[PDB]
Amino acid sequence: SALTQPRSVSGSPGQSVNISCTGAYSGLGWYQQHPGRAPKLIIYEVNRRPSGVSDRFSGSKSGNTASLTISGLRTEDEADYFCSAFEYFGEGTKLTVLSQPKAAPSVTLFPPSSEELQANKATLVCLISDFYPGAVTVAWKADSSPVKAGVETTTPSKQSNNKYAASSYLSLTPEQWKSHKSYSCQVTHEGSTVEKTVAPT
């Protein structure tokens, strides 16, 4: 039983957003889940709410595709939403309730330190802060060619000013660091890229 739902949906406070789920027997379960918490059943049998679940959540289904509608969007609604059919689950839809103006990320890239290089290792550190919504993709460049190996990127996290921060770490050997004239950290946010580059000294 393969249930498929979109990866992400967005909306602003007070408006309506819906999430579709396509697959056999879809809509028999809809779960909302906030970070660090158990899934909360909000809809069952396509269109029924359990006791304690708000009026604002509604369910429907057309042909093969059940739809979960959230009206009067609050920031409480920002969560992951899963459809389910018996034992099986959909992959999940992150709902982003846009609570603050769009803010581009500020990016800082440090090269390997001399003391790390004398220890026969090289880490590039790409620091990404002050962006909203909480979603960036990070790509690395060795001179002009993409680099995929040795990259570890964190999931975005909320700063004290309610914007988001993330970081990416490129692990090289000293020789690879020294055999290129520059490395770049390209951070894409909402289809617009910001790049920073560093060079061996």
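Numbering starts at 1 and runs along the sequence shown.
The deposited CA B-factor of residue 167 belongs to the lowest third of values across its chain. When the CA B factors of the chain's modelled residues are split into thirds, the value for residue 46 lands in the middle one.
When the modelled residues of the chain are ordered by C-alpha B-factor, residue 27 sits in the lowest third.
Ranked against the other modelled residues of its chain, the C-alpha B-factor of residue 122 as given in the entry falls in the middle third. Remark: residue 69 belongs to the middle third of its chain, ranked by C-alpha B-factor as recorded.
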